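> This one's experimental. Sequence and coordinates below.
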Amino acid sequence: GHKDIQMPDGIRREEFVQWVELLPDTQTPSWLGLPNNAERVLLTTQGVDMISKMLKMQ
């Protein structure tokens, strides 16, 4: 949505590390700049891969 990642104001290493630890832990592909549906495409690809492997399994 309208939310965006804000860069830390700290000047030392420890502040940056503390910012990384505090990251929301809900990463979406839009963090990287990709569209949010890239994750859905990847999941679809992995599902088809699992289907292919289990088909090879019998």
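Nice, thanks for sending it over. Residues are numbered from 1 along each chain as shown.

> And the helices in this protein?
Here the chain has its helices, by DSSP state H, at 13-21, 38-56.

> Including distance to residue 5 and mean neighbour count, could those helices go into TSV?
Any C-beta I mention is one placed from the backbone N, CA and C, and that applies to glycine too. Formatted as TSV, these follow (distance: least, C-beta to C-beta, whole Å; neighbours: other C-beta atoms under 10 Å):
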stretch	distance to residue 5	mean neighbour count
helix 13-21	10	10
helix 38-56	17	10
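
> got these as JSON lines, with distance to residue 27 columns?
Formatted as JSON lines, the helices of the chain follow (distance: least, C-beta to C-beta, whole Å):
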{"stretch": "helix 13-21", "distance to residue 27": "12"}
{"stretch": "helix 38-56", "distance to residue 27": "9"}
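
> number of nearby residues for residue 25?
Using other C-beta atoms under 10 Å, residue 25 has 6 neighbouring residues.

> Now do it against residue 58, distance only.
As judged by C-beta to C-beta, to the nearest Å, residue 25 and residue 58 stand 38 Å apart.

> likewise residue 22?
Separation of residue 22 from residue 58 (C-beta to C-beta): 47 Å.

> Look at these two and report which has more neighbours.
The neighbour count for residue 22 versus residue 58, taken as other C-beta under 10 Å, is higher for residue 22 (9 against 4).

> among the helices of the chain, which is nearest residue 29?
Residue 29 lies closest to helix 38-56 among these, at 4.3 Å (C-beta to C-beta).

> How about residues contacting the closest one?
Residues from elsewhere that reach helix 38-56, judged by C-beta atoms under 8 Å, 6 or more residues apart in numbering: 28, 29.

> can you give me how far it is from the chain middle?
Averaged C-alpha coordinates place helix 38-56 at 18 Å from its chain's average position (C-alpha atoms, centre = their mean, to the nearest Å).
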